[PDB]
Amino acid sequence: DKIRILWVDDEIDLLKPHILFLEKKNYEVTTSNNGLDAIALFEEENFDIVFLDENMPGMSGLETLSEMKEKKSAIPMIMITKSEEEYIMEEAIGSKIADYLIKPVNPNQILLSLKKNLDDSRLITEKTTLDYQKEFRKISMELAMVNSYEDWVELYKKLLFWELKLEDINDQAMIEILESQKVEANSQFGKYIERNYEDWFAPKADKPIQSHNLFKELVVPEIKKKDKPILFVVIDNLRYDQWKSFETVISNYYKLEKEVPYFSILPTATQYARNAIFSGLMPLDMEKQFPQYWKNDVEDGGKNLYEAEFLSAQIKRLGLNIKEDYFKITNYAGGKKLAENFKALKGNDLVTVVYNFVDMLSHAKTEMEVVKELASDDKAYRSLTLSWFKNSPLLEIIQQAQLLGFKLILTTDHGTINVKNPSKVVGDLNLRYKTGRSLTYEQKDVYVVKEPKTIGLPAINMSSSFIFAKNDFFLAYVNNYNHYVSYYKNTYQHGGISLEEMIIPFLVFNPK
């Protein structure tokens, strides 16, 4: 019932006030004056934590710790010693010491170390649970008052902060409260976009940075600095909560210098948003200025085959004379090949890398039972994304760029949303947007644009219209309605309006 401590020190008799203090706090303390006797004790009994002196006659604390870690690696071990040498600090940290306390140590410092190493996950759960109970009413109130794109960014950031904090907590009732705030936030954001989207295209409108502005406004100033070559990575289909899931992994190689949440253009689909990043033009202007590259929905083949050409035309148009190359990664083998030969690009000013894995992974949830279990909810999907990133050729490419002193620019073209509710469409395959001459649809469920050219979109031919699903709706054809509902319900789809699909990260980092 009591927490058992094994304390190893050659002068353990001189530390009796610490033992008495800890026994008052309900800790059980077992002492040892030599590393070898402590190892025998540790093998016979089940201690919750070990305290070790470094400098002892015979076996050192680091030698003793090494034998105990081999026998029970999950038991935390703390160094409490007079040793102040940095090389001893480094050897102990490197040996996975849970803490290092320099003598004379305050008995409350030992107590802090005990609480931090043994009760932290419980304390974090209780603190987060209590903090959210006191915060949710203020979130709902802030949600009701959001009336601008900057307030939407801040509200989305607040929801994302509580989502990653609450994912681990036991309280299902509170998890459901946050989920209701998320669906209400998406309901208000879809009406905000319906209401202001077209106005953003008017001359000198107050609008956020969008897909077609991204390269000129945020990448070009980094290039003009001319201090470091740039690795510009566009991870297709990266939700903001997916970046937050691997932010601390990337911090081991890159120090975040700038973060700019930006808005993807509509539709939040690759063919439109990703090509607009590389060309710096709206789809209607890409059709007008580059008919040889732009492809409308009705044309067969790949919709993003000419991004290098679009990018080189944008770079030339902006007056830059740089050494730049484009790579599109569609599979493991290609990612690995680019990671292995990255040094060949050392002399480049810009290296653009499109990485498709996360988009293919989001769509695999529709097609594969194994991905349905791996990404059953938003928490599972974040966990799966973090597992991917940590073991990906993309991280190996990022590590190669860090070794060459490259600045890292990490961004995406759009996010994706788990669709839950069907919405009947009649048209002529994307579940969150549809374009065509005579579309039949539910007015309340979609943002309708009857003149696509007003929002920089090509009109296939004069009576063409664009509909964009709002909330968690999926556009389902009446033709085989029950089969579309059954198959596409609870799958990740992008193309329409939501915080997940539209508000996306633009990140700049310096190598460390």
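Sequential numbering from 1, following the sequence displayed.
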Missing from the model but present in the deposited sequence, between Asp428 and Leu429 | 4 to 9
Report the stretch with the higher mean CA temperature factor, choosing between 9-17 and 492-500 on the basis of the entry.
-> 9-17
Of 435-443 vs 155-163, the stretch with the larger average CA B-factor in the entry is 435-443
Can you tell me which of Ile175, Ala364, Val351, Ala269 has the highest Cα temperature factor in the record?
-> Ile175
Residue selected from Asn321, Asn356, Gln399, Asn418 by maximal Cα B factor = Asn321
Can you tell me which third, lowest, middle or highest, the CA B-factor of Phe51 falls into for its chain?
-> lowest
By the entry's values, the third containing the CA B factor of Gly301 is the highest
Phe406 CA temperature factor, ranked by third within the chain = middle
According to the PDB entry, is the CA B factor of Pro291 in the bottom, middle or top third of its chain, that is, lowest, middle or highest?
-> highest
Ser376, C-alpha B-factor rank within chain (lowest, middle or highest third) | lowest
